[PDB]
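The structure appears below as C-alpha cells.
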Amino acid sequence: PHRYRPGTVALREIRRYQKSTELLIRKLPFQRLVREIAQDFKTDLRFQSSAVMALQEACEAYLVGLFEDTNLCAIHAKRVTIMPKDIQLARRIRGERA
Amino acid sequence: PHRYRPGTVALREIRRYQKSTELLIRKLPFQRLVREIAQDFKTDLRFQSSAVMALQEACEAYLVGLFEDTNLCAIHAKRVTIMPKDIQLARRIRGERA
Amino acid sequence: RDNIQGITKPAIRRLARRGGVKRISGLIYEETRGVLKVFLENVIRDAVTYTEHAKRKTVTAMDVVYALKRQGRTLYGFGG
Amino acid sequence: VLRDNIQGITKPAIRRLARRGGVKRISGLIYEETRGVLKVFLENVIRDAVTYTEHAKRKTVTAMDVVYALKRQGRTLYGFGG
Amino acid sequence: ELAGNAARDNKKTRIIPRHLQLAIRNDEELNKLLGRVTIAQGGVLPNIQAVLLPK
DNA sequence: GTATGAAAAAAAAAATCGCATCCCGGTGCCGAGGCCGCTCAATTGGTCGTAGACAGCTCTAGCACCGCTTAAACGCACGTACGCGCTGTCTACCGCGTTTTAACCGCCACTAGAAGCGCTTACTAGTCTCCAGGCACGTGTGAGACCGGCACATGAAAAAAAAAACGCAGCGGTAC
DNA sequence: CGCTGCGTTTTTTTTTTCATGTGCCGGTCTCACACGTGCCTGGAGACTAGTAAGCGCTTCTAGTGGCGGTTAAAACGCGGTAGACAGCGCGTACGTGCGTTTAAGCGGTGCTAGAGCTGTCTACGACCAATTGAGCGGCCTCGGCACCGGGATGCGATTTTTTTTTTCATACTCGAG
Ligand SMILES: [Ca+2]
Ligand SMILES: [Ca+2]
Ligand SMILES: [K+]
Ligand SMILES: [K+]
C-alpha cells in the first residue's frame with residue numbers, strides 16, 4: 001500500500017485539534033472520575049451537569065496549557081518528544097511543586 | 001604559581017552568598033536607577049529611604065528567583081552555563097512574557 | 001472504581017495535539033493521569049468546601065467557578 | 001546627570017545574584033539580558049507605586065506605595081509595613 | 001468589535017466563544033488583561049513551533 | 001606501456017497516486033430573537049448628618065555636601081573545560097489494520113433536595129460613659145559583629161612509580 | 001627488506017606536601033532590645049432596638065439511575081523509521097587572579113519641601129418614602145448554522161528520469177622488425 005511517514009499524521013492531528021474546540025476527554029469516564037475524587041471529601045454528593053462540564057472545560061484547558069509549556073521544554077533540550085522530565089520542569093517553574 | 005580550576009571559586013562563591021542575606025547591588029547605583037525610572041512617570045518626585053530599600057529587597061529577591069528557574073533550564077539542556085535563551089524560557093513558562 | 005485509566009492514552013494524546021506536541025513518550029500517559037488527578041482533587045476539594053458551607057448536598061457550577069477563581073484558574077461562561 | 005544608570009547594576013553584582021541563584025557558569029550575554037529584565041520589573045513596580053503616590057496627592061513615594069505595588073504585581077513583601 | 005470581525009472572517013453572523021478566544025488571544029492588550037482567564041469552548045490559537053515542521 | 005574512456009552508483013527532481021482537506025449546494029431543526037404583561041428595583045424628591053475639602057502649623061525626614069577611606073569595579077592576561085556540531089547505533093514511538101469495548105443517543109420512572117416562602121428569636125449595630133490597654137517619648141546593658149589568632153579539612157601541587165607510543169638494533173628469511 | 005622485542009623516552013597514575021580558604025575560639029565596642037513611665041484613645045460595658053437569619057413546609061426541577069441500540073472509538077499488535085543518547089574533536093568563551101582606577105560608603109552637618117496632623121465649614125451622599133416603567137420570565141417563529149454528499153483542490157510519497165565520481169579495462173606512441 002501507501003503510508004504517511006512517522007510525524008505527518010501527528011502534524012495533522014495538531015492542525016485539526018488547534019482549529020477545533022470539542023472537549024477531547026470522553027464525557028462519562030471523566031464524570032465517574034469526578035465522583036470518585038469527590039467521595040474522598042464527602043459521600044452521597046450531587047452535581048449539576050454544568051458543574052461537571054465546568055470542571056471538564058478547565059482540566060482540559062489546563063492540561064492543554066501544560067503540554068504547551070512541556071513542549072517548549074522538550075524543545076529547549078534539542079528534542080521533539082515530550083517526556084516526564086519536561087512536565088516536571090514546567091510545573092516547577094510554574095510553581096505547582098517544589 | 002597557585003590558581004584554582006575554573007568553576008571552583010564559583011562554587012565557593014555560591015556557598016558564601018546562599019549562607020548570607022545582604023543586598024548584593026551597591027545601594028547608590030540602585031537608588032539612582034529607581035529615580036531615573038521614576039522620571040518616566042512623574043517629574044520632581046521624592047522617595048522615603050525605606051521605599052528605595054523595599055524595592056531593592058523586592059528586585060534582588062526576584063532576580064535571585066529567576067536565576068534559580070533560569071539555572072534549571074540551562075541544566076535541562078545538559079548545560080551548566082546559563083544563557084539568555086534559559087531566562088527567556090523561564091520568563092515564558094512563568095507568564096512574564098508570550 | 002479506578003476511573004483514572006478511563007483517561008485513555010488517545011485522549012491525552014488528543015490534548016497534547018491541541019498543545020502542539022508532535023511526539024509523545026509512553027511514560028507521559030501515566031504522568032498526565034497523575035497531574036490531572038492533583039488538579040481535579042485540588043479544585044473539587046475547594047469546590048465541595050463551597051458546597052458544604054451553603055449546606056447543599058448538590059455541587060453547583062458556581063461552587064466550581066468560585067474554586068477555579070481561588071485556585072487562580074478563573075473560568076468564563078458558567079456564571080460568576 | 002547620568003541618564004543611563006541601568007549600567008550601575010555592575011557585572012559583579014549580577015554575578016553575585018546569580019551565585020545566590022546557585023549558578024556555577026554565566027554566559028557574557030546575560031548581564032545585559034539581566035539588566036533588561038531588572039529594568040522591566042522596576043519600571044512595572046515603580047509605575048504602580050507612583051500611581052499610588054499620585055492618588056494620595058503626595059510628591060514623596062512611600063514604603064507603603066511600594067508594598068501596595070508589589071502586592072498587586074503578585075510579588076508580596078514582608079517587613080516594610082505589610 | 002474584534003470578535004465580530006473574527007465571526008465575519010469565519011463567515012458567521014452569530015459570535016460563538018472561539019470568536020471571543022480568537023479575538024482576545026490575537027489582541028496583545030486584551031490577552032494580557034485576560035492572562036489568567038480560561039474561555040470555555042474557545043480552544044487555542046493555531047501555533048506549531050517551527051522546529052517540529054518537516055523538510 | 002599510458003592516457004584514455006564507458007559502466008556502477010549515487011543523488012536528485014519530477015510525475016502517479018491517492019489521500020485527505022475546502023467549497024458547492026440542499027435539508028432540516030433548533031435556538032436566537034422578539035413580543036407580552038408583570039414585578040421590583042431604579043427614580044424622584046427632601047432632610048440630616050458626615051466625609052472630605054481647606055488652609056494653616058508643625059517638624060520630619062528627605063536631599064545634598066564634605067572629604068577621606070577603602071572596597072569594590074574594571075581591566076588585562078593566560079588556559080582549560082564546556083559548548084556545540086557531527087556522526088552512527090537501537091530502540092521506542094508513529095502509522096495503519098484486525099478485534100473489543102464502551103460512550104452517546106432518546107426514551108423510561110422516581111425522589112431529593114433545591115429553592116423558595118413564611119414566622120419567630122436571638123443576634124448585631126447603635127448610643128454613651130468609663131478604664132485600661134497600648135503607644136510615643138527617654139534610658140541602659142548586652143547580644144552580637146568585628147577583629148584577629150587557631151589548627152584544619154582540601155584541591156592543587158610536587159614527587160615517585162606503574163603503563164603506552166617511540167626508536168634502534170639484532171636477526172631471520174627470501175629471492176636473486 | 002620486514003618484523004619483532006626490548007631497552008628508551010615519554011605518559012598516565014599514584015602518593016605525599018602544600019598553600020588556602022574554613023569555620024572555629026575568646027576578648028571590645030556599638031546601637032538596638034527591652035524596659036519603663038505617663039498620657040490618650042479605642043475597647044468594654046450595657047442596654048436598646050430593629051432586623052438578619054434559621055428552621056419547616058410548599059413546590060416542582062433537575063439530578064440520578066436504567067434500558068438497550070449503533071457506531072465511533074479504544075484496544076492491541078506488527079512493522080519499520082527517525083529521533084534519543086553516547087561518543088569523538090575542535091575551538092573559544094569563561095573563569096581566575098593579578099594590577100590600575102573608581103566611586104561607594106560613612107558620618108557628621110545645614111537647609112527646606114512637603115508630610116501630616118489639626119482644627120474648621122459646607123457640598124454631597126445616605127436614607128426614606130412613594131411612584132412608575134424598564135428588565136425579566138415566558139411563549140412563538142423562522143432563519144441561520146449543522147449534517148449530507150460530490151467534486152475540485154492541495155500535498156506528501158513513491159517510483160522514474162538527471163549529474164558525479166569513480167573504476168576497471170581499451171584506443172594511441174615510441175622504438176622493433
Ligand atoms: Ca575573620
Ligand atoms: Ca498638604
Ligand atoms: K518629611
Ligand atoms: K433538583
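Residue names in the C-alpha cells use chain letters A, B, ... in the order shown, residue numbers from 1 in each chain, and ligand numbers from 1 in the order shown.
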Distance limit 6 Å, atoms considered: only C-alpha atoms. Which chain E residues sit that close to chain A? Return them as an mmCIF file with N, CA and C atoms, in the first residue's frame.
data_model
loop_
_atom_site.group_PDB
_atom_site.id
_atom_site.type_symbol
_atom_site.label_atom_id
_atom_site.label_comp_id
_atom_site.auth_asym_id
_atom_site.auth_seq_id
_atom_site.Cartn_x
_atom_site.Cartn_y
_atom_site.Cartn_z
ATOM 1 N N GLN E 41 -15.046 26.498 25.726
ATOM 2 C CA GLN E 41 -15.336 26.066 24.334
ATOM 3 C C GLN E 41 -14.654 26.999 23.326
ATOM 4 N N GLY E 42 -13.459 27.499 23.648
ATOM 5 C CA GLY E 42 -12.741 28.517 22.857
ATOM 6 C C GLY E 42 -11.440 27.993 22.280
ATOM 7 N N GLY E 43 -11.035 26.756 22.602
ATOM 8 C CA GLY E 43 -9.783 26.139 22.108
ATOM 9 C C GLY E 43 -8.580 27.082 22.148
ATOM 10 N N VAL E 44 -7.567 26.825 21.301
ATOM 11 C CA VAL E 44 -6.241 27.524 21.302
ATOM 12 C C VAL E 44 -5.927 28.062 19.900
ATOM 13 N N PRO E 46 -4.069 28.544 16.595
ATOM 14 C CA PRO E 46 -3.165 27.607 15.940
ATOM 15 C C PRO E 46 -1.729 28.107 16.135
#
Around ligand 4, out to 9 Å and counting only C-alpha atoms (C1' of nucleotides) and all ligand atoms, which residues are there? I want them as a short mmCIF file (atom, residue, chain, number, x, y, z; two decimals) with N, CA and C atoms (P, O5', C5', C4', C3', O3' and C1' of nucleotides), in the first residue's frame.
data_model
loop_
_atom_site.label_atom_id
_atom_site.label_comp_id
_atom_site.auth_asym_id
_atom_site.auth_seq_id
_atom_site.Cartn_x
_atom_site.Cartn_y
_atom_site.Cartn_z
N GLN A 48 -24.59 19.28 39.44
CA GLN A 48 -25.25 19.88 38.25
C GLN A 48 -24.44 19.55 36.98
N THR C 58 -25.83 19.06 46.79
CA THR C 58 -25.59 19.16 45.33
C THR C 58 -24.53 20.23 45.03
P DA F 112 -36.09 10.83 48.36
"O5'" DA F 112 -35.02 11.75 47.62
"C5'" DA F 112 -33.61 11.47 47.68
"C4'" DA F 112 -32.83 12.75 47.46
"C3'" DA F 112 -32.88 13.70 48.66
"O3'" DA F 112 -32.00 14.80 48.57
"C1'" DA F 112 -34.10 14.64 46.92
P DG F 113 -30.51 14.68 49.00
"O5'" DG F 113 -29.87 15.91 48.22
"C5'" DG F 113 -30.27 16.20 46.86
"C4'" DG F 113 -31.01 17.51 46.77
"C3'" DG F 113 -30.81 18.49 47.93
"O3'" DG F 113 -30.83 19.80 47.38
"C1'" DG F 113 -33.03 18.31 47.50
P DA F 114 -29.55 20.70 47.48
"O5'" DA F 114 -29.63 21.63 46.18
"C5'" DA F 114 -30.26 21.22 44.96
"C4'" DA F 114 -31.21 22.30 44.52
"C3'" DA F 114 -30.93 23.67 45.11
"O3'" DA F 114 -31.50 24.59 44.18
"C1'" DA F 114 -33.02 22.93 45.89
P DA F 115 -30.79 25.98 43.77
"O5'" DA F 115 -32.04 26.94 43.53
"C5'" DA F 115 -33.35 26.40 43.19
"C4'" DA F 115 -34.44 26.96 44.07
"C3'" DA F 115 -34.05 28.20 44.88
"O3'" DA F 115 -35.08 29.18 44.88
"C1'" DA F 115 -35.07 26.67 46.27
P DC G 60 -45.53 24.26 41.81
"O5'" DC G 60 -43.99 23.82 41.83
"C5'" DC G 60 -42.96 24.49 41.07
"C4'" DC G 60 -41.96 23.49 40.54
"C3'" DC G 60 -42.54 22.47 39.55
"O3'" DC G 60 -41.58 21.95 38.64
"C1'" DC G 60 -41.52 21.32 41.24
P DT G 61 -40.69 22.91 37.77
"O5'" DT G 61 -39.37 23.05 38.67
"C5'" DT G 61 -38.26 23.92 38.32
"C4'" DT G 61 -36.94 23.19 38.49
"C3'" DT G 61 -36.44 22.49 37.23
"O3'" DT G 61 -35.02 22.27 37.08
"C1'" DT G 61 -36.69 20.92 38.95
P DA G 62 -34.00 23.42 36.63
"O5'" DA G 62 -32.72 23.06 37.50
"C5'" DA G 62 -32.79 22.18 38.67
"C4'" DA G 62 -32.11 20.85 38.42
"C3'" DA G 62 -31.66 20.59 36.98
"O3'" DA G 62 -30.54 19.73 36.75
"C1'" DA G 62 -33.10 18.91 37.63
P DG G 63 -29.23 19.70 37.69
"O5'" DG G 63 -29.65 18.69 38.83
"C5'" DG G 63 -28.69 18.24 39.79
"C4'" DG G 63 -28.90 16.77 40.11
"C3'" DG G 63 -28.00 15.80 39.34
"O3'" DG G 63 -27.46 14.84 40.25
"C1'" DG G 63 -30.23 15.13 39.18
#
Considering only C-alpha atoms (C1' of nucleotides), return as a VMD selection string whatever protein or nucleic-acid residues lie within 9 Å of stretch 59-66 of chain D, sequence-local ones (same chain, fewer than 5 positions apart) excluded.
(chain B and resid 44 to 55) or (chain D and resid 45 to 46 48 to 54 71 80 to 82) or (chain F and resid 62) or (chain G and resid 114 to 115)
Counting only C-alpha atoms (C1' of nucleotides) and all ligand atoms, name the residues that have an atom within 12 Å of an atom of ligand 2; the answer should be given as a list in words.
residues 56, 57, 58, 59 and 60 of chain D; 53, 54, 55, 56, 57 and 58 of chain F; 113, 114, 115, 116 and 117 of chain G
Can you pull out the residues contacting residue D:37? Cut-off 12 Å, using only C-alpha atoms (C1' of nucleotides), and skip same-chain residues under 6 positions away; I want them as a VMD selection string.
(chain B and resid 59 to 60 62 to 63 66 to 67 84 87 to 88 90 to 91 96 to 97) or (chain D and resid 6 9 14 30 to 31 43 to 44)
Per residue of chain A within 6 Å of chain B, record the nearest atom pair and its distance in Å to one decimal, counting only C-alpha atoms, with rows in chain order and ascending residue number, as a Markdown table.
| residue | atom | partner | partner_atom | distance |
| --- | --- | --- | --- | --- |
| A:77 | CA | B:77 | CA | 4.2 |
| A:93 | CA | B:69 | CA | 5.9 |
| A:94 | CA | B:94 | CA | 5.4 |
Output the selection as a short mmCIF file (atom, residue, chain, number, x, y, z; two decimals), in the first residue's frame - N, CA and C atoms for each residue.
data_model
loop_
_atom_site.label_atom_id
_atom_site.label_comp_id
_atom_site.auth_asym_id
_atom_site.auth_seq_id
_atom_site.Cartn_x
_atom_site.Cartn_y
_atom_site.Cartn_z
N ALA A 77 15.65 21.23 25.18
CA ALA A 77 16.62 20.12 25.33
C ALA A 77 17.02 19.57 23.95
N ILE A 93 8.74 25.45 37.39
CA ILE A 93 8.87 26.90 37.08
C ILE A 93 7.52 27.57 37.29
N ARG A 94 6.43 26.91 36.90
CA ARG A 94 5.03 27.40 37.11
C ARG A 94 4.79 27.65 38.59
#
Might you pull out every residue within 9 Å of residue C:72, with only C-alpha atoms (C1' of nucleotides) counted and same-chain residues fewer than 4 positions away left off, and present them as a tab-separated table (two decimals) with N, CA and C atoms, in the first residue's frame?
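That gives us around.tsv:
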chain	number	residue	atom	x	y	z
C	67	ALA	N	-14.13	28.05	43.20
C	67	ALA	CA	-12.92	27.23	43.38
C	67	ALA	C	-11.88	27.66	42.34
C	68	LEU	N	-12.19	27.47	41.06
C	68	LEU	CA	-11.26	27.79	39.96
C	68	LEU	C	-10.74	29.21	40.15
E	36	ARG	N	-4.96	35.19	32.99
E	36	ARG	CA	-5.24	34.02	33.87
E	36	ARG	C	-6.68	33.53	33.67
E	37	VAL	N	-7.37	34.04	32.64
E	37	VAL	CA	-8.80	33.74	32.30
E	37	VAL	C	-8.86	32.61	31.28
Test item: residues no farther than 12 Å from ligand 1, counting only C-alpha atoms (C1' of nucleotides) and all ligand atoms, as a PyMOL selection string
(chain F and resi 145-150) or (chain G and resi 21-25)
Could you please take those selected residues and save N, CA, C and O atoms (P, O5', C5', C4', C3', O3' and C1' of nucleotides) as an mmCIF file, in the first residue's frame?
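Result file part.cif:
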data_model
loop_
_atom_site.group_PDB
_atom_site.id
_atom_site.type_symbol
_atom_site.label_atom_id
_atom_site.label_comp_id
_atom_site.auth_asym_id
_atom_site.auth_seq_id
_atom_site.Cartn_x
_atom_site.Cartn_y
_atom_site.Cartn_z
ATOM 1 P P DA F 145 25.447 38.820 64.488
ATOM 2 O "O5'" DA F 145 26.392 39.751 63.602
ATOM 3 C "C5'" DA F 145 26.242 41.188 63.534
ATOM 4 C "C4'" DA F 145 27.595 41.865 63.467
ATOM 5 C "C3'" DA F 145 28.671 41.138 62.639
ATOM 6 O "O3'" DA F 145 29.099 41.768 61.412
ATOM 7 C "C1'" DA F 145 29.501 41.734 64.840
ATOM 8 P P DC F 146 29.696 43.273 61.366
ATOM 9 O "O5'" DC F 146 31.013 43.210 62.264
ATOM 10 C "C5'" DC F 146 31.543 44.426 62.847
ATOM 11 C "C4'" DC F 146 32.993 44.283 63.258
ATOM 12 C "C3'" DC F 146 33.941 43.620 62.247
ATOM 13 O "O3'" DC F 146 35.186 44.340 62.176
ATOM 14 C "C1'" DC F 146 34.113 42.533 64.307
ATOM 15 P P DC F 147 36.388 43.853 61.206
ATOM 16 O "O5'" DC F 147 37.681 44.544 61.844
ATOM 17 C "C5'" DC F 147 37.787 44.874 63.254
ATOM 18 C "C4'" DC F 147 38.752 43.953 63.972
ATOM 19 C "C3'" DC F 147 39.740 43.188 63.082
ATOM 20 O "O3'" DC F 147 41.069 43.703 63.243
ATOM 21 C "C1'" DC F 147 38.824 41.796 64.824
ATOM 22 P P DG F 148 42.273 43.162 62.323
ATOM 23 O "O5'" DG F 148 42.858 41.956 63.174
ATOM 24 C "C5'" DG F 148 43.260 42.166 64.532
ATOM 25 C "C4'" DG F 148 43.489 40.828 65.186
ATOM 26 C "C3'" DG F 148 44.426 39.904 64.402
ATOM 27 O "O3'" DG F 148 45.274 39.175 65.300
ATOM 28 C "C1'" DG F 148 42.436 38.808 64.787
ATOM 29 P P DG F 149 46.768 38.760 64.862
ATOM 30 O "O5'" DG F 149 46.881 37.249 65.348
ATOM 31 C "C5'" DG F 149 47.100 36.938 66.733
ATOM 32 C "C4'" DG F 149 46.398 35.648 67.085
ATOM 33 C "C3'" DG F 149 47.057 34.390 66.505
ATOM 34 O "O3'" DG F 149 47.323 33.439 67.548
ATOM 35 C "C1'" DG F 149 44.741 34.379 66.078
ATOM 36 P P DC F 150 48.157 32.091 67.247
ATOM 37 O "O5'" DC F 150 47.013 31.001 67.050
ATOM 38 C "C5'" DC F 150 47.339 29.623 66.824
ATOM 39 C "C4'" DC F 150 46.076 28.806 66.679
ATOM 40 C "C3'" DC F 150 46.041 27.894 65.462
ATOM 41 O "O3'" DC F 150 46.917 26.764 65.517
ATOM 42 C "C1'" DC F 150 43.958 28.964 65.673
ATOM 43 P P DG G 21 42.896 31.899 49.499
ATOM 44 O "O5'" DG G 21 41.507 31.415 50.091
ATOM 45 C "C5'" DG G 21 40.594 30.684 49.269
ATOM 46 C "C4'" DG G 21 39.753 29.795 50.149
ATOM 47 C "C3'" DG G 21 38.745 30.550 51.025
ATOM 48 O "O3'" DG G 21 37.566 29.758 51.257
ATOM 49 C "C1'" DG G 21 40.262 29.450 52.388
ATOM 50 P P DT G 22 36.368 30.301 52.190
ATOM 51 O "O5'" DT G 22 36.516 29.420 53.512
ATOM 52 C "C5'" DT G 22 36.861 28.020 53.418
ATOM 53 C "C4'" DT G 22 36.215 27.224 54.529
ATOM 54 C "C3'" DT G 22 35.177 27.980 55.358
ATOM 55 O "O3'" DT G 22 34.073 27.164 55.763
ATOM 56 C "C1'" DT G 22 37.119 27.452 56.703
ATOM 57 P P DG G 23 32.716 27.840 56.332
ATOM 58 O "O5'" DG G 23 32.258 26.833 57.484
ATOM 59 C "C5'" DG G 23 33.104 25.766 57.974
ATOM 60 C "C4'" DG G 23 33.468 26.014 59.420
ATOM 61 C "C3'" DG G 23 32.511 26.973 60.147
ATOM 62 O "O3'" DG G 23 32.335 26.849 61.570
ATOM 63 C "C1'" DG G 23 34.636 27.826 60.241
ATOM 64 P P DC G 24 32.712 25.514 62.386
ATOM 65 O "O5'" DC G 24 34.255 25.710 62.734
ATOM 66 C "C5'" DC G 24 34.882 24.905 63.754
ATOM 67 C "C4'" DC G 24 35.685 25.762 64.705
ATOM 68 C "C3'" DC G 24 34.934 26.279 65.944
ATOM 69 O "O3'" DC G 24 35.537 25.689 67.114
ATOM 70 C "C1'" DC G 24 36.304 27.961 64.985
ATOM 71 P P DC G 25 34.800 25.687 68.570
ATOM 72 O "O5'" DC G 25 35.896 26.368 69.503
ATOM 73 C "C5'" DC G 25 36.509 27.569 69.031
ATOM 74 C "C4'" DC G 25 37.573 28.075 69.970
ATOM 75 C "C3'" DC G 25 37.035 28.675 71.264
ATOM 76 O "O3'" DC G 25 38.020 28.627 72.310
ATOM 77 C "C1'" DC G 25 37.716 30.409 69.759
#
Can you check which parts of chain F lie within 10 Å of ligand 3? Per residue, the shortest pair of atoms and distance in Å to one decimal, counting only C-alpha atoms (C1' of nucleotides) and all ligand atoms, sorted by chain and number, as a Markdown table.
| residue | atom | partner | partner_atom_place_in_ligand_line | distance |
| --- | --- | --- | --- | --- |
| F:59 | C1' | ligand 3 | 1 (K) | 8.2 |
| F:60 | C1' | ligand 3 | 1 (K) | 4.3 |
| F:61 | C1' | ligand 3 | 1 (K) | 4.1 |
| F:62 | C1' | ligand 3 | 1 (K) | 6.2 |
Would you tabulate, counting only C-alpha atoms (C1' of nucleotides), all residues of chain A that have an atom at most 9 Å from an atom of chain F, showing the closest pair of atoms and their distance in Å to one decimal, sorted by chain then ascending number, as a Markdown table?
| residue | atom | partner | partner_atom | distance |
| --- | --- | --- | --- | --- |
| A:2 | CA | F:18 | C1' | 8.3 |
| A:3 | CA | F:95 | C1' | 7.2 |
| A:4 | CA | F:95 | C1' | 7.0 |
| A:5 | CA | F:95 | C1' | 7.6 |
| A:6 | CA | F:94 | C1' | 4.8 |
| A:7 | CA | F:94 | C1' | 6.5 |
| A:9 | CA | F:95 | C1' | 7.7 |
| A:10 | CA | F:94 | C1' | 8.2 |
| A:26 | CA | F:103 | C1' | 7.4 |
| A:27 | CA | F:103 | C1' | 8.1 |
| A:28 | CA | F:103 | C1' | 7.2 |
| A:29 | CA | F:103 | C1' | 8.7 |
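Going from atom CA of residue B:25 to atom CA of residue D:35 covers 11.9 Å.
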